[PDB]
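One chain is shown next in structure tokens, namely the form deposited without ligand SAM.
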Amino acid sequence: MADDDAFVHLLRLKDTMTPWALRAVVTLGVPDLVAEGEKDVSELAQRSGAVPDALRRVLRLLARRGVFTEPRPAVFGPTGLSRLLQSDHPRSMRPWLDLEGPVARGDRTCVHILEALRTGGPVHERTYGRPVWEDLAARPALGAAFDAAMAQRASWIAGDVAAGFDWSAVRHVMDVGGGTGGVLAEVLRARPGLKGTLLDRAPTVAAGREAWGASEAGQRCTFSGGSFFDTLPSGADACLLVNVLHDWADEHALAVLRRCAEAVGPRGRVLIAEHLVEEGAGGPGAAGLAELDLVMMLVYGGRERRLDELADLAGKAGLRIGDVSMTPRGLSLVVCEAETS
């Protein structure tokens, strides 16, 4: 690099007003309020519960960044970005940036990053009093909003999972930590012979049962509560782990994998789908994954993992890493068989 070019780049990297301007505006629902068109701030302020001047300055920053239009001085309207932040929108980003919701709430840990660097462990407890898992369950309004957002990331990738694994030698699949079963449902209806089991929390499995448990795939699907840290429900010959391990530190990730290897048995399989970090540089979306990693370090005790970090945890649960397949959308799909022949 050189000087002026490095300067301009650093100024992008160092901005904290924008991302919070964005988060706040999403929480107040300015994207919805301008969906049908341009409004002036007086109306946006009065509708949002915000001081006109305060909101104006916030929206002006966000207009300069291209989130809204500002055709005439104090009037603001929708753009392609603002549309992604609407509640309407099918692939909406509201739940990831709504501060009343759970996910964006954890992002406040950014200001305690130095403490996170001292102790190593997360700083969600430092920010809000409780670690992340406790105060989700302590207020199930957030606990149901979390499941709603995780339901959305499942949808995104569900097709790619069912396509990318062979199911020829499988009878009964178990979506361990599958949420509302978005991925399970997609596999079962795509492979009609198969049976299935959804394992997750007490309310979350019932909410999955609700949305499709009387449908033709839902008939072939057990909906079983209880923690994946306890002994898993039986009769599975394949356990499915989709974007579950990155939520957990190495000890707790090892437990779950042990429970999966225990439950699937000698001739069975454990099927892992994560987005894996590469040995430096990576490709496109290595920057985003390392960003995510930091959220996972600060909020949760968890961690985005390399193939070999996955291999170590698999090994310590007496599994080997077999076929290592990549989906078009960046997911790595790995078949874990029993370690020894």
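Numbers for residues come from their place in the sequence shown, where the first is 1.
The following text describes the form solved in complex with ligand SAM, which does not appear among the structures shown.
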| item | value |
| --- | --- |
| In the entry with it bound, segment of 226-234, 119-127, 262-270, 210-218 with a heavy atom within 4.5 Å of ligand SAM | 226-234 |
| Partner-contacting position among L97, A253, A154, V170 - heavy atom within 4.5 Å of ligand SAM in the entry with it bound | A154 |
| The single option of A238, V187, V242, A104 touching ligand SAM in the entry with it bound, heavy atom within 4.5 Å | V242 |
| 4.5 angstroms heavy atom contact with ligand SAM in the entry with it bound for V183 | yes |
| Heavy atom of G177 within 4.5 Å of ligand SAM in the entry with it bound | yes |
| Contact of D160 with ligand SAM in the entry with it bound (heavy atom, 4.5 Å) | no |
| Contact flag, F146 vs ligand SAM in the entry with it bound, heavy atom cut 4.5 Å | yes |
| Residues in 230-248 close to ligand SAM in the entry with it bound, defined by a heavy atom within 4.5 Å, in order | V242, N243, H246, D247, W248 |
